[PDB]
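Worksheet for the structure shown next.
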Amino acid sequence: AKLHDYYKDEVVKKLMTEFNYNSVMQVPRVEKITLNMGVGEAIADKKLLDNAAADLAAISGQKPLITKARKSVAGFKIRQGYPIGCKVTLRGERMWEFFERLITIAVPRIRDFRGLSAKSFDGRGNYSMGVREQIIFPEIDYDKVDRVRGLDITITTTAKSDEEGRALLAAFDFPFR
Amino acid sequence: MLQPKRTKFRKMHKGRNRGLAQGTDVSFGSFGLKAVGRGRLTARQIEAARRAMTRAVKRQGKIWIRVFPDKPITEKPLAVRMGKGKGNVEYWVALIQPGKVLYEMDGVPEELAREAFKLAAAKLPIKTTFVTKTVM
Amino acid sequence: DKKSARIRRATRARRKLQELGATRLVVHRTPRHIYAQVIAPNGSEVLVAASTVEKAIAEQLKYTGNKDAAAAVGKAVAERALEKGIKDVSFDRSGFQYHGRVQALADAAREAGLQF
Amino acid sequence: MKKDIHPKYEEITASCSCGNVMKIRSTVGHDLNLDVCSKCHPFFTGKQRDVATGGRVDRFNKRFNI
Amino acid sequence: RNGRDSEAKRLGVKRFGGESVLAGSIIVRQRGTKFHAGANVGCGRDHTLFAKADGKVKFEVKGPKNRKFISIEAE
Amino acid sequence: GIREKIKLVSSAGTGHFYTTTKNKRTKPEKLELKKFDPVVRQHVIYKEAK
RNA sequence: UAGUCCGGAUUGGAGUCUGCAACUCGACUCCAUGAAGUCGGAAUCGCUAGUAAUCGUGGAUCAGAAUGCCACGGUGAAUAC
RNA sequence: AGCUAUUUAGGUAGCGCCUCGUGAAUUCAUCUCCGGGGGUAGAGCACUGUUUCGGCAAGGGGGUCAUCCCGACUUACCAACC
RNA sequence: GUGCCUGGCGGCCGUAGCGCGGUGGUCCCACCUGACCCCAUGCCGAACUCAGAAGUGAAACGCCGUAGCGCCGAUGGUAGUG
RNA sequence: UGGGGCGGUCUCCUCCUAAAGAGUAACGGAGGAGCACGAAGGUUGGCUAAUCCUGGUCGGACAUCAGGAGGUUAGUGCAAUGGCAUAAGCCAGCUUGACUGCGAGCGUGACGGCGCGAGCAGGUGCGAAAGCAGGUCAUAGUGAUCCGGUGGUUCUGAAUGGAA
RNA sequence: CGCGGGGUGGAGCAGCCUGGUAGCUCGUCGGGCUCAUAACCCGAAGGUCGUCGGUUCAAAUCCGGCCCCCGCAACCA
RNA sequence: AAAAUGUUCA
Numbered sequence: 001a002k003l004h005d006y007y008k009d010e011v012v013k014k015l016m017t018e019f020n021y022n023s024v025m026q027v028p029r030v031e032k033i034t035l036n037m038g039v040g041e042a043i044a045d046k047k048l049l050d051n052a053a054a055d056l057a058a059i060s061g062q063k064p065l066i067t068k069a070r071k072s073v074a075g076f077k078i079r080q081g082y083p084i085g086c087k088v089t090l091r092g093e094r095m096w097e098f099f100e101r102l103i104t105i106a107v108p109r110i111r112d113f114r115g116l117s118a119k120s121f122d123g124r125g126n127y128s129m130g131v132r133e134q135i136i137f138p139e140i141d142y143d144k145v146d147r148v149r150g151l152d153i154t155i156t157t158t159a160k161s162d163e164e165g166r167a168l169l170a171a172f173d174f175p176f177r
Numbered sequence: 001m002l003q004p005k006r007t008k009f010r011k012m013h014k015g016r017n018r019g020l021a022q023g024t025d026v027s028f029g030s031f032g033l034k035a036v037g038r039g040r041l042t043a044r045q046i047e048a049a050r051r052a053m054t055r056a057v058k059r060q061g062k063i064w065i066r067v068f069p070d071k072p073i074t075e076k077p078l079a080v081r082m083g084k085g086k087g088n089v090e091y092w093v094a095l096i097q098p099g100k101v102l103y104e105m106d107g108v109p110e111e112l113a114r115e116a117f118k119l120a121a122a123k124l125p126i127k128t129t130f131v132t133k134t135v136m
Numbered sequence: 002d003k004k005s006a007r008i009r010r011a012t013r014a015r016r017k018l019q020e021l022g023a024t025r026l027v028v029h030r031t032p033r034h035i036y037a038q039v040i041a042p043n044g045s046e047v048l049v050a051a052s053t054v055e056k057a058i059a060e061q062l063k064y065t066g067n068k069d070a071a072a073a074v075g076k077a078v079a080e081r082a083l084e085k086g087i088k089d090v091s092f093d094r095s096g097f098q099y100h101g102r103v104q105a106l107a108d109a110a111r112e113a114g115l116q117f
Numbered sequence: 001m002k003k004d005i006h007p008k009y010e011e012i013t014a015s016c017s018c019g020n021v022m023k024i025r026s027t028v029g030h031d032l033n034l035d036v037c038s039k040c041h042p043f044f045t046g047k048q049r050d051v052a053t054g055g056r057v058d059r060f061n062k063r064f065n066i
Numbered sequence: 007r008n009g010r011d012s013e014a015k016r017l018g019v020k021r022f023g024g025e026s027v028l029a030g031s032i033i034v035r036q037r038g039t040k041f042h043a044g045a046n047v048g049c050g051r052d053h054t055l056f057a058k059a060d061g062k063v064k065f066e067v068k069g070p071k072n073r074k075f076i077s078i079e080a081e
Numbered sequence: 003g004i005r006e007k008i009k010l011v012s013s014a015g016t017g018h019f020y021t022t023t024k025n026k027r028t029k030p031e032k033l034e035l036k037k038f039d040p041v042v043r044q045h046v047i048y049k050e051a052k
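Right, dumping it as structure tokens:
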């Protein structure tokens, strides 16, 4: 959570002279991050979902929410109301605890790293990336898993334009290409 | 032969055909064929009349057909007693009111079109007259 | 939206009270100040109003944004209403969950004579 | 943060090939001995030492030798 | 085949504007809430608006979405 | 249909009962409702029967 | 006792030699990569002794190029009512 | 010479309609004024459907192929959505 | 004498609502700082909630200008009709 | 019964026909019901869509995630119509009013019958409380009488006391 | 006109009924046995259910429209 | 127990 302290001094001043904001409240703040972990194959086995939820509980610092089917899909054979995904919304200190724990610990452990994409912005200053292997988080001791647990990390900020969300992460030296 | 692609209901009430038409003024082409007599144009009559004028101009210009059938006229089988269900749909007519612009043309001279609509009118049942697009 | 969400929450309670011809005790909670005004059954004219913006209340407090501040406010609305002779009244949460500051205001009014 | 459902939070310690005295909170309940961090990044200069293709003339000149 | 139909429910407005009603008298037998309850009227479970107080019928159009209400004056 | 009728008999000092139905093929237990007992004028427990 | 330090196909790079010349189309070496394959369906084949089976060596043609062919020896059975 | 029910449809029963007796409220009717709810005729096309042309236009069919990963071009021409 | 401000509650329900541009923070309002506890998340101080108030007028809200739209809408004629 | 036979239909609910109150026919045009629920009921508190576009591991047009547009084109146990955000739509906590005895006053039927119902007495539960609740958003999910069965109540019980 | 049932690998038949999976014999392809063929033995492939529209999360299946086919009725003067 | 066939000329 020391990166939050980084924000309060380093980031804000580096940003007010970068886009020329007339107010300190107009610079972007990182709202929240959502660690979604789509399991999908939970219909094949219920404890497949339990193994999935346990690993996601390790990644974050809290118990995730078992999301279900919004609508019934026959393409993937799921009725209206079947648990198929697991998400958790880090907000506040633990959000910062996680944000820093990703950029200084996790990404360096990504096999064949070459930098992230600056095109992963939806268009509202909100960044959304996707890790393939969850193994880059030291929580999993490697010798307890059996599935390639992939999870998406989507950051929502208060930025009004996607390019403003970009330079926000440039303040934290968020690795790209 | 125009026919509604997948209509809402299969059969329909007979109804009456009253009042003056709506498409009175010519709005697409330069010349038109406005109806004067009341009546109903079946799909086969609109189809036949179109060929009559498409040959008159050889193939050229634009021929707008501002009227569409969209009204299934049913019919019983030959020699059957009355009642026991409504008839089966046979053809599709289009109720025409006086002052209705049936066709519209453009690109050809007035003499050619007044001659083209002459052929067209000989195929239609309702007494039709020639009209032109005026400003406003 | 925080505001309008709260307002459509208040409508049900308000429509029911404005059709029973009941005098209502409404309360608007804000981060810094609490409002309490009593409205007649016709709906346009109020009878008794008392909030933390009034000097006669604001002066004797420490900060106008806590339970005890409202506890004094609830006390005042029952005292001013009784010089008007208003004993039976009805309560409106006005979109606020009856839990903290609003709850403090209410019981202070109940123990002050205003029976609602 | 309702209790009894979320795992523990201890201030864990992390090391690096750079000798990073890194103390971050996590739910491990161990002591992590890591190789790479943001201070011993193989990326920042790894880009220029990644692409070196687009040359065969000097490569070919080692065979002509003159 | 066709030929099946239901027997009429005799709905509609039983008492019109200005009529003197008695408490408990049915004003309108609507189906849904075509007519909302105004003042001194109750909405039954059949959605039947009746008079909760004997008086005079008063049709009005109030509300932000402009709906019809049937009120009754204390006559 | 599949829903057969049961007789909710009181556990009080009377032979009064309420009649209702029950989905025999989804509910293994007996119905338990604290209903009014129109004799001793109080609310008692009505366990089901046939 | 494991797709295992089994297995070696395949492929990228880097070389040596023969030969005017190795791209189509050689052999071999080095590093890396490292699949199929866990005793094989119906059916079928060789052999009775230093043979079967197994291991390694040489020769012819040949500039170079065989796991083929011709030839030699080491180890060395079982069974034939 | 209507409604409702009827092993009922050319019968019958109750109500409606006729007549006689008796008792009662300007009670009832026509008209002007006032208070009403309607949603039909007509009209309209935001809605549920349907229709034509024009513009934009994914998407599309067939061609020419690089006739390999990629993709491009063209078109006898079909076409949603706003 | 009052006027411009602002918050709440209603009347009236688009001539009142959208859009565009500007603008206000001493007050009021909002955001906001913090959260061991009251209380809450089918995960999370997002919301709910409490404790407080540095900072800000960005968002939101309010006010003004603007008709680009929604909206309101004659007179006359026409349709319909007793 | 557009002669009879054959085919079909017979009760109930929704729309149209139906001519702007109600009602209104045909072997006229379209569809459905013969149940379901212990919660899908009661209540308190809270929440509010469908479909597209952008980004994101497996993952594709569509699984789950975040954001935007949008606006109820969604949903409501079932057909259709009417209705619904104060939501009647969606989630959770707590319970049984899916309550007994009545019921001013009207609606609708020839009648049998059917429907709505403020309020009163008893007792219950939800909410701090105002109040709310005697089934379910409404309209279908149903059959008279006789005869006979089971339980309760001493009302009766052919001489009296019992009993059938 | 009217009525019942049916169409599914190349051929002839199951599966529908109670929706989520398409089986059966022959034929067919490859190997084997034989001097060669048949027969026999081993292994595998091959059908989006006539078609169109809708219903549901989902259509071989449910509903409706149409075609081909088979059977049935076309009686009373 | 099963156990069929073999184009014409030369």
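Chains e, m, o, A, w and C supply the protein sequences, listed in that same order. Residue numbers for the first sequence follow PDB author numbering, beginning at 1 and rising by one. Residue numbers for the second sequence follow PDB author numbering, beginning at 1 and rising by one. Residue numbers for the third sequence follow PDB author numbering, beginning at 2 and rising by one. Residue numbers for the fourth sequence follow PDB author numbering, beginning at 1 and rising by one. Residue numbers for the fifth sequence follow PDB author numbering, beginning at 7 and rising by one. Residue numbers for the sixth sequence follow PDB author numbering, beginning at 3 and rising by one. For every residue, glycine included, the Cβ atom is placed at its ideal position computed from N, Cα and C.
Determine the direct distance from the alpha carbon of residue j to that of residue i, and round the result to whole angstroms.
i         : j         : result
e/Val-148 : e/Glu-18  : 41 Å
m/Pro-77  : m/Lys-100 : 33 Å
w/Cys-49  : w/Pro-70  : 20 Å
e/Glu-10  : A/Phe-43  : 23 Å
e/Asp-122 : e/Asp-152 : 14 Å
e/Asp-146 : A/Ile-24  : 27 Å
o/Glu-84  : o/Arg-25  : 17 Å
o/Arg-9   : e/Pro-64  : 31 Å
w/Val-27  : w/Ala-80  : 11 Å
Given a threshold of 16 other Cβ atoms within 10 Å of its Cβ, counted over all protein chains shown, does residue i qualify as buried or as exposed?
i         : result
o/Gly-101 : exposed
e/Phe-98  : buried
A/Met-22  : buried
m/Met-1   : exposed
A/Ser-17  : exposed
o/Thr-12  : exposed
Our contact map puts residue i next to residue j with C-beta atoms below 8 Å; I'd like the distance itself, whole angstroms only.
i        : j         : result
e/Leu-49 : e/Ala-42  : 4 Å
m/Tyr-91 : m/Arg-66  : Between m/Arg-66 and m/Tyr-91 the Cβ distance is about 20 Å, and since that is not below 8 Å, they are no contact.
e/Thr-34 : e/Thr-89  : 5 Å
o/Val-78 : o/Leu-115 : 7 Å
m/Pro-98 : m/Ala-21  : 6 Å
C/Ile-47 : C/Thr-23  : At roughly 19 Å, the Cβ-Cβ gap does not stay under 8 Å, so C/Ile-47 and C/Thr-23 are not in contact.
Among the options, whose alpha-carbon lies nearest the alpha-carbon of residue i?
i         : options                                     : result
w/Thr-39  : w/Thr-54, w/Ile-33, w/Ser-26 and w/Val-27   : w/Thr-54
w/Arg-16  : w/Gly-9, w/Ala-57, w/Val-34 and w/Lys-58    : w/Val-34
e/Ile-110 : e/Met-95, e/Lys-87 and e/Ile-136            : e/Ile-136
m/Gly-107 : m/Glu-75, m/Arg-55 and m/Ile-63             : m/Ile-63
w/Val-19  : w/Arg-7, w/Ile-32, w/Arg-73 and w/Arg-10    : w/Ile-32
C/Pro-40  : C/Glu-34, C/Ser-12, C/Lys-29 and C/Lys-49   : C/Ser-12
o/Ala-23  : o/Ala-14, o/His-29 and o/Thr-31             : o/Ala-14
o/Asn-67  : o/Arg-16, o/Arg-111, o/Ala-105 and o/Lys-17 : o/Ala-105
o/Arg-111 : o/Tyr-64, o/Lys-76, o/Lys-56 and o/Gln-98   : o/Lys-76
Contained beta strand (DSSP E) runs [length at least 3] in the segment 13–42 of chain e, N- to C-terminal order: 30–38
Start-end ranges of the beta strand (DSSP E) lying completely within the segment 112–154 of chain e, minimum 3 residues: 128–131
query: In chain order, which beta strand (DSSP E) runs of at least 3 residues are fully inside the segment 40–83 of chain e?
result: 65–68
message: Suppose only complete runs of 4+ residues qualify. What are the alpha helix (DSSP H) ranges in the segment 51–129 of chain m, listed by chain order?
response: 110–121
query: What are the start and end residues of each continuous beta strand (DSSP E) run of 3 or more residues lying completely inside the segment 16–46 of chain C, in chain order?
result: 19–24 and 34–39
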